[PDB]
């Protein structure tokens, strides 16, 4: 499953995606080399994601199908839910400032974790390798 420690390996169109979100040139360069690592653990229907990066270290806890709030490193607030679809986790979120939709998907491909995002017509991916 998703269980395990994952470390980012490569990105696809991440800087353009961050530009759309409103992130400055400098912060995009730092964002793209954030050394993000995720430690995922499950307990029933609830997941615990320990996010660790050059920017911060925090725990994210969520129950499938129940909305929760999550903030980006820069303070941008989102609210949404994750649900299990087939073998994938599909996340439906909204920016609380502008009300715009942001979708995220987590899926396993071989031994890699692929995280895809879409926002205002732009797609980006972050691919992680298992530790």
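Residue numbers count along the first chain shown, from 1.
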property: Between 109 to 117 and 11 to 19 (mean CA B-factor, as deposited), the higher; result: 109 to 117
property: Mean C-alpha temperature factor, higher of 55 to 63 and 74 to 82; result: 74 to 82
property: Selection from 100, 92, 28, 37 [criterion: highest C-alpha temperature factor in the record]; result: 100
property: Within-chain third of residue 130 by Cα B-factor, per the entry; result: highest
